[PDB]
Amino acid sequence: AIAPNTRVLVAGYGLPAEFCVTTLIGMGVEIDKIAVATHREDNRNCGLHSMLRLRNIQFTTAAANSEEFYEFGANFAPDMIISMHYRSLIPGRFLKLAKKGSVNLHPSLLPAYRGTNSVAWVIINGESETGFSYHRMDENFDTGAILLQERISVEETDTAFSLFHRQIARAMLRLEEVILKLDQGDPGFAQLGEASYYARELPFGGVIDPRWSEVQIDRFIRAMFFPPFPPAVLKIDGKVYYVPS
């Protein structure tokens, strides 16, 4: 069991954050010992936002770099911070508020696929294996010590869509164990191997390079499939076509 009176601050967004809050409640963390930092109510965040209002869990939507956010953290005085698809870089001083530190879920086997769009890139690059990494947060993205990783096979029929959702689902299986590792002061291990990096931008601006091989085009089309967003674009005779995927 988690230490009694453990104070947990969840920074997050959407279903993973809703699930994390559910998990914490299920672990017996009291409502007054849960706080959430999230973003302004969205499509993807209606679930979380309504849950927080309904249960009277304190929350902020202040920007991560704002004073209000820092005060929210400070007044709460978390023991631990759990980032569950929180979009923004969390300032180091906010992290320092939690003397048991923090954990964040990243959908790659770090230090591979640092950056964003990790699911799309894994597919673009023809990986047959990827995974997720619950890792302590340091002041930069994607760099902190690994608390838990798990491998996820990439199938030749996976899309960014299917892999993204499997990533979430599979990662949720491990969440309770991760919270316990935090609870118990598991230092985790410094990330190992060579880091790869991918830019915030949509891969190749969503545009198929005609010089790619068919295998690379197939991968890219899959990597680009993510309803409701536009699919991969093919330009022909100066004109845009969305692929059927």
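When you see a residue number, it is the position in the sequence shown, counting from 1.
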Of 129 to 137 vs 152 to 160, the stretch with the larger average CA B-factor in the entry is 152 to 160
Once average C-alpha B-factors are taken from the entry for 70 to 78 and 112 to 120, the winner is 112 to 120
From the entry's CA B-factor values, the highest among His106, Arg87, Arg170, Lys96 is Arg87
Max C-alpha B-factor within the set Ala62, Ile57, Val178, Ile208 falls on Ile208
Of the three thirds of the chain ranked by Cα temperature factor, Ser50 occupies the middle
In terms of its chain's C-alpha B-factors, the third that includes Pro187 is the highest
Of the three thirds of the chain ranked by Cα temperature factor, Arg200 occupies the highest
On the chain's distribution of Cα B-factors, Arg219 falls within the third called middle
Binned into thirds over the chain's modelled residues, the C-alpha B-factor of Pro16 lands in the lowest
